[PDB]
Amino acid sequence: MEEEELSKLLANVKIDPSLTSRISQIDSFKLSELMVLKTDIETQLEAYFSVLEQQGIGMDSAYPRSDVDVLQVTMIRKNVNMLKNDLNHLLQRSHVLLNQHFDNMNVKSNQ
């Protein structure tokens with residue numbers, strides 16, 4: 001049955017809730033918490049990159065890939081792009097906080 005095969009497919013298409021919760025707190029976390037999260041996002045990205053390597057494909061690309069290959073690569077590439085977006089956010093927020101720290105000391109970054 002088509003509906004039941006699809007529920008299994010989907011109910012297992014999931015993102016670690018702990019990671020999602022922490023990402024939601026980018027704008028409230030302290031720098032130390034942000035840098036631990038950064039590392040954990042990087043570890044996740046590393047895992048996705050390793051699977052893309054097995055698929056012999058990078059992030060930008062067009063032997064014949066089957067439908068399932070295409071679906072898997074589509075999923076992995078989307079995951080990567082969403083994670084890279086969150087990592088970028090984390091870094092941008094971190095830069096704001098770093099700048100606040102310089103401001104507090106009446107110093108500028110070397111630049």
# chains A, B, ... in the order shown; residues from 1 in each chain; ligands from 1
>>> select_by_dssp(residues="chain A", states="helix (DSSP H, G or I)", output="ChimeraX atom specification")
/A:2-11,17-24,31-54,67-104
>>> residues_around(residues="residue 31 (chain A)", least_positions_apart="5", cutoff="10 Å", atoms="only C-alpha atoms", output="list in words")
residues 26, 36, 37, 90, 91, 93, 94, 95, 97 and 98 of chain A
>>> closest_atom_pairs(of="region 8-44 of chain A", to="region 68-89 of chain A", cutoff="9 Å", atoms="only C-alpha atoms", output="Markdown table")
| residue | atom | partner | partner_atom | distance |
| --- | --- | --- | --- | --- |
| A:23 | CA | A:86 | CA | 7.0 |
| A:26 | CA | A:89 | CA | 7.7 |
| A:37 | CA | A:87 | CA | 8.8 |
| A:38 | CA | A:87 | CA | 6.5 |
| A:41 | CA | A:87 | CA | 6.9 |
| A:42 | CA | A:87 | CA | 8.1 |
| A:44 | CA | A:83 | CA | 8.3 |
>>> atom_distance(atom1="CA of residue 56 (chain A)", atom2="CA of residue 16 (chain A)")
26.0 Å
>>> residues_around(residues="residue 110 (chain A)", least_positions_apart="3", cutoff="12 Å", atoms="only C-alpha atoms", output="ChimeraX atom specification")
/A:99,102,107
>>> atom_distance(atom1="CA of residue 28 (chain A)", atom2="CA of residue 104 (chain A)")
18.7 Å
